[PDB]
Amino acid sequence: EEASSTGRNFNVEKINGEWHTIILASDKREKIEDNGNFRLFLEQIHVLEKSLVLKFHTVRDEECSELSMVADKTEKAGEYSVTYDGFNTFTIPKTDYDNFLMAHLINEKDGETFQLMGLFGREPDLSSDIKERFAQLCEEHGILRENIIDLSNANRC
């Protein structure tokens, strides 16, 4: 079964646990390139009553830096907000809970904005078919494939 965080049948408890960043995509590519602040490697999602605790790490000169963020539910069901390199809101347009999770995030900083999309997997990689479904979701948001970066061979410290 699959669901969207904005959907009626969404079960947030089921996204709790281990996750890995498989692919990141953005209409401002610099944000996810080397040293971009959004080149984030997810490790875990802890589901709480009204928030999600996100554990990530970034990498600089082959050195891993841990970071934790708390995302709070907003007034729209399935949407969360979090302060990080600006103000962010995000939703999960599609997840099957057991294998993949696709997220769409809007960042706003210094009066600007950009879209960030992410494909996260329970294991350190996902099938080529799920990677293709993710490229199609990115296309529905106006994000070109050339702005989609597979990080499955760069997600372990």
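Residue indices: 1-based, along the sequence shown.
Colleague: For the stretches 43-51 and 92-100, which has the higher mean C-alpha B-factor as given in the deposited record?
Modeller: The stretch with the larger average C-alpha B-factor is 43-51.
Colleague: Could you check the entry and say whether 5-13 or 134-142 has the higher mean CA B-factor?
Modeller: That would be 5-13.
Colleague: Among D61, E112, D27, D125, which residue carries the highest C-alpha B-factor recorded in the PDB entry?
Modeller: In the PDB entry, the greatest C-alpha B-factor among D61, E112, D27, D125 is found at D61.
Colleague: Determine, from the deposited record, the chain-internal third of the Cα B-factor for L105: lowest, middle or highest.
Modeller: Lowest third, going by the recorded CA B-factors of the chain.
Colleague: Would you please rank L67 by its C-alpha temperature factor against the other modelled residues of its chain and give the third it falls in: lowest, middle or highest?
Modeller: Its C-alpha B-factor belongs to the highest third of this chain's values.
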